[PDB]
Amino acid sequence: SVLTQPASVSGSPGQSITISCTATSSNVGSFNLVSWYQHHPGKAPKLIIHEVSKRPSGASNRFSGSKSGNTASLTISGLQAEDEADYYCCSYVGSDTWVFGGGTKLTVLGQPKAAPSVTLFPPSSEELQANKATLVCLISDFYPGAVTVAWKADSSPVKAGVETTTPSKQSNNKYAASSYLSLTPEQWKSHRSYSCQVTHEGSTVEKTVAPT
């Protein structure tokens, strides 16, 4: 990506935060045609800064832009919940070509951390009658919205047959995710147990089920 941005930045309400944007090549030349866009998923992106620092009157005065060397920078003051979004920088690169930075997920920490609740179900009787087996790991009520999920057969890890969702915002503004492990009926009854392991903020919650 011709323009490097941090993958994520976090700040709490009322603070100011800065998102950097560094040119990876000399194709940007003067690097004076830098623009920034706010993007709430599901809606169209919105222009908020152009020519490095110029703010259209239709954007909030809490947004400002600056540059030093080949690093352009977006700063958001008086951080509010509505600022939570993806932010992209953008530069002209000559020959009537434009490029976008990789994007930055801005998280506004308007909420205390929450460890996930985990519920693990074994394959149903019916499913086993159909010669299939699905383990269902349901993950809810965690904040911030990021987990990793690992599965184990007895004590050995398992990545094959694992399908895990992205975290989705719940109505209470905590986050949910689910993970499924597909097995044969034989595998399911082969082992003593299976475990679903949910890691969040460096701590892990593990649930187990067994055919027994």
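The first residue of the shown sequence is 1; numbering continues from there.
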Legend entry - Residue range whose averaged C-alpha B-factor is higher in the record, 105-113 or 87-95: 105-113
Legend entry - Mean Cα B-factor comparison, 6-14 or 187-195, giving the higher one as deposited: 187-195
Legend entry - Top Cα B factor in the deposited entry, candidates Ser35, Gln38, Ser179, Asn173: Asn173
Inset, instruction - Consider only the C-alpha atoms of the modelled residues in this chain, order them by B-factor as the entry records it, and name the third containing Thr22: lowest, middle or highest. - result: lowest
Inset, instruction - Would you mind checking where the Cα B-factor of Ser155 ranks among the modelled residues of its chain, as the lowest, middle or highest third? - result: highest
Inset, instruction - Taking the chain's C-alpha temperature factors as the reference, tell me which third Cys137 falls into: lowest, middle or highest. - result: lowest
Inset, instruction - Within this chain's modelled residues, let me know which third the CA B factor of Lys67 belongs to: lowest, middle or highest. - result: middle
Inset, instruction - Using the B-factor values recorded in the entry, state whether the Cα atom of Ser125 falls in the lowest, middle or highest third among the modelled residues of its chain. - result: highest
